[PDB]
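Notes to accompany the following structure.
Note that we place each Cβ from the backbone using ideal geometry, even for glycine, and neighbour counts take in every protein chain shown. Any read-out appearing in this document is the output of simple, stated calculations on the displayed coordinates, not a laboratory observation.
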There are 2 protein chains.
Amino acid sequence: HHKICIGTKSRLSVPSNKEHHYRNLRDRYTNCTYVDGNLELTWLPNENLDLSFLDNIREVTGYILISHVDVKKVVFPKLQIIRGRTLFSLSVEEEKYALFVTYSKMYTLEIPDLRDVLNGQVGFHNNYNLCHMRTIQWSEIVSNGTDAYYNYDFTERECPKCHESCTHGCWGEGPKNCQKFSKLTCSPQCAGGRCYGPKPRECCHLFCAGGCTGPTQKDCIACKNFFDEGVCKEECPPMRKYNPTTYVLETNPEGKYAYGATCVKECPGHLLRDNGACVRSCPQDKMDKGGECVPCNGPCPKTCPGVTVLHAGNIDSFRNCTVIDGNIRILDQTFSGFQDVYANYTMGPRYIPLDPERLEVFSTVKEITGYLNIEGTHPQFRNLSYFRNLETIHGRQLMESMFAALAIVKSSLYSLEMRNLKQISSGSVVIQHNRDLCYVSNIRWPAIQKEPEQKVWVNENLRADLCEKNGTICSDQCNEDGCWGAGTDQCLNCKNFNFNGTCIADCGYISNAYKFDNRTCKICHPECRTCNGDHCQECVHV
Amino acid sequence: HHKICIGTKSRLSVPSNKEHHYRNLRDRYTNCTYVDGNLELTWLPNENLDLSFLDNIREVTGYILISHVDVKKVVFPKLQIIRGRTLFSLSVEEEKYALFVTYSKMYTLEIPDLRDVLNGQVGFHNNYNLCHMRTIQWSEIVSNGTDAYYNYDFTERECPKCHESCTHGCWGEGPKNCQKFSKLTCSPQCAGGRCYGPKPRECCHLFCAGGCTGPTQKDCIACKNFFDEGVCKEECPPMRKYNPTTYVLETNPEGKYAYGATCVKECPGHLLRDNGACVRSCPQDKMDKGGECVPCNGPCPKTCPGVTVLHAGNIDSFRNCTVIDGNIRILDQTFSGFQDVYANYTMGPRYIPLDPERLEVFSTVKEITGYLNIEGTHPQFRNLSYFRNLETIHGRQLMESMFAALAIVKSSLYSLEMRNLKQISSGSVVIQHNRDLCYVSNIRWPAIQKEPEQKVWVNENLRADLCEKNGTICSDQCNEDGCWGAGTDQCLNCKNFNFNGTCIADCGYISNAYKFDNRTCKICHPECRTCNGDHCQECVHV
Ligand SMILES: *[C@@H]1O[C@H](CO)[C@@H](O[C@@H]2O[C@H](CO)[C@@H](O[C@@H]3O[C@H](CO)[C@@H](O)[C@H](O)[C@@H]3O)[C@H](O)[C@H]2NC(C)=O)[C@H](O)[C@H]1NC(C)=O
Ligand SMILES: *[C@@H]1O[C@H](CO)[C@@H](O[C@@H]2O[C@H](CO)[C@@H](O[C@@H]3O[C@H](CO)[C@@H](O)[C@H](O)[C@@H]3O)[C@H](O)[C@H]2NC(C)=O)[C@H](O)[C@H]1NC(C)=O
Ligand SMILES: *[C@@H]1O[C@H](CO)[C@@H](O[C@@H]2O[C@H](CO)[C@@H](O[C@@H]3O[C@H](CO)[C@@H](O)[C@H](O)[C@@H]3O)[C@H](O)[C@H]2NC(C)=O)[C@H](O)[C@H]1NC(C)=O
Ligand SMILES: *[C@@H]1O[C@H](CO)[C@@H](O[C@@H]2O[C@H](CO)[C@@H](O[C@@H]3O[C@H](CO)[C@@H](O)[C@H](O)[C@@H]3O)[C@H](O)[C@H]2NC(C)=O)[C@H](O)[C@H]1NC(C)=O
């Protein structure tokens, strides 16, 4: 089977709860065959952790980083290809690494099926117990490298021989762990490339990546160019063919989209469709339609980059943004005065505390492509009416924990007030530990969530009974879907009648009372003061 | 140099004035190197006509048809390639021809530089004097054929030998006319393809079309695939490159558009830009922006195909059309009752005369991509107010005569009344022989014409003095650009003040009189009856 993971880019971050970190890693990689990004295998103190969530990973597009891993036996039993499209280093001066194993206590690291590292280097740095790596002939695997990089200091067990049957080095004990060869055992005429046997003629294709199962093209393990239901192509079958006689772009029933070095019938949901390609953002002159990048009309909607943490120093950059291309994180430090730390742990600028009032800058925001994360605490930070015009959170990017698209945790909020929020396209709702927050438990989140597989974790906010005793419940004019707050304009869906954007029992409860259907009103024209449509009761002028 | 002609598709039509036909042919092909379409060389009765307008034609994409040509010597001195993307036949059962010479009295037909007919056959049919064609070894030229097709009946001069120096056949006298060979004299290893010399190894490229000047690719005479400032490519450099790491379509500074088998920096004006291709129409879901096919918004503008001649039977198909993709021809037969004739001259359906009133169907038309041609006569057909909302004639297709985009000839019109017409994008204005038509001579046509090279032929309508004596002149509120008719809403540009779409001396001449600039008014809000902006004179209500 084939299944896609989004990789991570946390580099050397230390998780607080190492147990949730485990859960996160597990939830992320289980049954995944293909990592879009970097596989970061980090901080697993227990020696006997079961890492079988790694069991189906076949290819990684970025780098593999193994840091602070003390599980005795760490095996990647099906990993074949590390592409190294993005690489890892401790610093600017260090080598760029596709495989980096560092500060880990594992006794073995087994990748018996590993074939090829397409780009970057292999490094081992201060792993006290790791065995066999020097028996591995690395120029067999590393495409642009001689050997692995080793480093040991700070003060070394004797180490077992490879299995009887190995012709050369191994990744560990038993015959399954003997290094195989598909590049060094080949003859020339192969000009250094891979092959499925010793003799000439049988040198894979040229397009092949990681080697091959037979003669050519349809027989590759993976591809140096585009990969298409099994065959390597120089390009994906375009979505339309140009007929040079007729001057027509005829649509192609076998056309496909380029997603990375992959040809695909539809772009994965975390990317948009631009021409024949799956892309991360629309270009400057385009906008997002139905998941498709398309020329605009008037001015294009003012769209702004997200920031990694909101604070006094960067909040004004969202002035007039309609769409935010990225995430929004409002944290404690947002309010208390955010402090730049740099890698070398040299203190950067520090910004003044943020006055929640300034959050009003978001009132023009209609879309967030990433996620929205709220964690801060402030006396005057009591709701999300700042986002009263936000109508969709795409979640094309999710949080490290629980695949969250909306996470509200340990905040000082009393109500949401996000009256326009209609879709959370992807990912989950986490709303926990907000000591004064009501409403969230009576909101039917699946209503606004697009998929059934999307999840809801909403608890340990304000106890149901203690909201009810303050009247901080829904207006009796909301249906059972709940509300963002006590307002009549705060319902998800309306029980009786909806008018103007507010919610009424009658439709007759007001001067103008023209009914448009089962549930709806509308104003009685400029001229009527009272009507039901051309004609009415208490008239006006011209 | 390089210059592009649009070819014709008139097949065997007989022109009335054979002298204007000559002029037309001349104006069409002079200095052209490349025919986009068919070269139709027809009906040239005089024996001593100078056909030097053919002198630079290098390649034709469609077919060459020579019919009723009695010029003694007809030479194509630089023609190299007939592609035969579209072919000619007298009927369904006949062969499909890329070169067809028929019912012509020429003594010779000289194409000394002809190399290759890429597709279709070569035919000679009832040419009484034509010489040398049987000496030409045709399998040298015809890619998918044995020999030329001959036919002679209806009742043959003796014919001169080729020049002393010819190794084989010729197109006529003198050493310049000896057939050259670049396909038959080649060895194999060439597998039947062309070459620049006898020995193996030197077999052109494979992409080459018509042969080659040296070894390979950059050395082709022309291309079987795309042609790019001189080199044959399997595809044009795309306009954006997809970066598979970053998931971005990066724009390509060396990208180009596909125009036929041609790569080009910009689409010729008779085509639009759709993705990387130059196209004839936008697809169903797109529309025309700045010469670019682009997704729509609301419903796409209702756009309808043109018809070859307007008449009672097809007029309703334009119900609600906003854009007409094609031409509009209103002819005498439109009004008198149009009669279908078929090739075999069997009478088709006949439609009832057309009541000009029905022309009102065009009132929604804002754009005509082709040309607009008006020739009919009817007592009640007195102006073009039917087209009162037409704002641009693109002229992406022009008339056979004078490159006309707007032609009004021998019509019963008194005035135009096309108050919204702002652009004739391409081609010319011909307005001649309308016995009762005024205005047209005082309209500054260059105002609405986009290019300076565009031309104006406006004469022999109603004599200037005889319009003036009926008051059928411009309102004294138009500037010197003239008008479409006597209305105040009929000026091209306004002298004093423009308001609502009509034209006034004062701006004060009316109840509401708020001035927005040097020349403009606007209504005084719902509430004022008299103002100048918030405040005014004779007020109203709420
Ligand atoms: C601690 O860490 C930070 C960054 O990790 C250091 O600040 C950075 O200093 C570097 C030089 O190492 C700056 O690079 C320079 O960039 C400019 C403009 O792009 C260029 O003209 C120079 O040639 C140079 O390459 C960089 O801008 C700056 N970055 C940041 C984010 O401040 C800092 O100096 C380190 N502190 C200590 C005590 O070592
Ligand atoms: C949802 O949150 C919004 C934004 O915080 C709340 O509206 C704000 O309510 C506060 C507290 O009552 C207002 O503070 C006052 O401002 C006035 C003049 O602006 C000042 O003179 C007072 O002494 C006081 O500081 C604030 O103005 C008001 N902001 C806006 C933009 O309306 C709203 O109360 C929240 N909804 C609920 C149910 O809490
Ligand atoms: C005179 O000329 C016209 C056309 O040039 C002839 O009318 C055409 O008759 C043909 C058969 O020769 C029709 O083709 C048929 O088309 C249908 C549907 O597409 C198909 O099912 C049949 O197998 C057949 O191929 C064609 O529709 C029709 N075209 C038009 C425009 O009327 C006409 O019959 C000729 N008259 C004489 C006296 O020979
Ligand atoms: C521009 O051409 C339009 C369209 O032909 C002219 O408007 C038309 O004027 C004619 C002749 O006066 C009108 O005919 C009359 O129609 C009425 C009722 O519709 C009928 O009862 C009369 O006995 C007579 O047949 C016609 O209605 C009118 N059409 C429209 C759509 O307004 C207009 O006169 C032309 N402008 C100039 C300066 O000629």
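Key figures for this structure:
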read-out	value
Dipole magnitude of chain B, debye to nearest 20 (Cβ charges: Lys/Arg +1, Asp/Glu -1, about Cα centre)	800 debye
Share, in percent, of DSSP beta bridges within segment A:301-469 that are antiparallel, nearest 5	5 percent
Selection from A:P200, B:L109, B:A486, by position along the positive dipole direction of the protein assembly as shown (Cβ)	A:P200
Environment charge at B:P283 (Cβ cut-off 12 Å; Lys +1, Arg +1, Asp -1, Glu -1)	-2
Rotational relation B to A, axis-closest Cβ in chain B, residue and distance rounded to whole Å	B:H541, 2
For segment B:301-469, diffusion coefficient by Stokes-Einstein and Kirkwood Rh (Cα), 20 °C, 1.002 mPa s, µm²/s	132 µm²/s
Computed E for B:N243/B:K3 - FRET, C-beta separation, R0 41 angstrom, nearest 0.05	0.60
Qualifying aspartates and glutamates (Cα of each under 17 Å from Cα of B:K450; at least 8 residues distant if same chain)	B:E367, B:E391, B:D481
DSSP bridge orientation in chain A - percent antiparallel, rounded to nearest 5	35 percent
FRET E, pair A:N320, B:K161, Förster distance 51 Å, beta-carbon r, rounded to 0.05	0.05
The protein assembly as shown - Debye-derived log10 I(q)/I(0), Cα point model, q = 0.04, 0.06, 0.07 Å⁻¹	-0.35, -0.76, -0.97
Selection from B:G211, B:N151, B:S16, by position along the positive dipole direction of chain B (Cβ)	B:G211
For B:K289, label point 7 Å along C-beta direction: distances to other copies, nm	1.1
Cβ-defined net charge surrounding A:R273, 10 Å radius [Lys, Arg +1; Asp, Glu -1]	-3
In range of the label at B:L90: residues from segment B:16-40 whose backbone nitrogen is under 20 Å from the point 7 Å along Cα→Cβ	B:40
Taking segment A:264-380 and dividing mean pair separation by its residue count, relative contact order in percent (alpha carbons under 8 Å, at least six apart)	22 percent
Under 9 Å, Cβ to Cβ, from B:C232 - net charge with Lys/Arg +1 and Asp/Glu -1	+1
Phi-based couplings in Hz for segment B:90-107 (Karplus 6.51, -1.76, 1.60; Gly and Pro marked x)	6, 8, 4, 6, 6, 3, 8, 10, 9, 10, 9, 10, 8, 6, 10, 9, 3, 7
Inter-chain shielding of B:286-294 (mean C-beta neighbours from other protein chains, 10 Å cut-off)	1
Cross-link partners of B:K161 among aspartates and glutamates (Cα-Cα below 16 Å; sequence separation of 8 or more within a chain)	B:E110, B:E173
Inter-part distance where segment B:313-385 and segment A:179-240 are each reduced to a Cα centre, Å	63 Å
Convex hull volume per residue in cubic angstrom - Cα atoms of chain A	222 Å³
Size of charge dipole - the protein assembly as shown - debye, nearest 20, with Cβ of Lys, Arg +1 and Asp, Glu -1, no other charges	1400 debye
In range of the label at B:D55: residues from segment B:87-117 whose backbone nitrogen is under 19 Å from the point 7 Å along Cα→Cβ	B:109-114
Förster-model FRET efficiency, 60 Å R0, A:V341 and A:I523, C-beta, rounded to 0.05	0.60
Other-copy label distances relative to A:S139, 7 angstrom Cα-Cβ extension, nm	5.8
At 7 Å out from Cα toward Cβ: B:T167 inter-copy label distances (nm, ascending)	5.8
Computed magnitude of the charge dipole of segment B:1-180 (debye, nearest 20; Cβ of K, R +1, Cβ of D, E -1)	460 debye
Long-range HN-HN contacts of B:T42 with modeled amide H, under 5 Å	B:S67
Extreme residue, positive dipole direction of chain A, given options A:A464, A:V75, A:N48 (C-beta unit charges)	A:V75
Whichever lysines have a C-alpha closer than 23 Å to that of B:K218, once near sequence neighbours (fewer than 8 apart) are set aside	B:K3, B:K78, B:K180, B:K183, B:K199, B:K233, B:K256, B:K265
Residues listed by number, segment A:362-405, amide nitrogen under 13 Å from A:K450 label point at 7 Å toward C-beta	A:368-371, A:392-398, A:405
Within 10 Å of each Cβ in A:270-280, the average number of Cβ atoms from other chains	4
Label-point separation, B:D153 to A:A464 (7 Å along Cα→Cβ), nm	9.8 nm
Per-residue ³J(HN,Hα) for segment A:491-504, Karplus 6.51 cos²θ - 1.76 cosθ + 1.60, θ = phi - 60°, Hz, x for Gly and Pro	6, 5, 10, 9, 5, 8, 10, 10, 9, 6, x, 10, 9, 10
Karplus 3J(HN,Hα) series, Hz, for segment B:307-322 with 6.51 cos²θ - 1.76 cosθ + 1.60 (x for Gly, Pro)	10, 6, 8, 6, 6, 3, x, 10, 5, 6, 6, 8, 3, 6, 5, 8
Loop GluC sites (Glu not before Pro), segment B:1-96 (other Cβ atoms within 10 Å of the site Cβ: 10 or fewer; DSSP)	B:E93
Shielding of B:237-247 by partner chains, average beta-carbon count, 10 Å	6
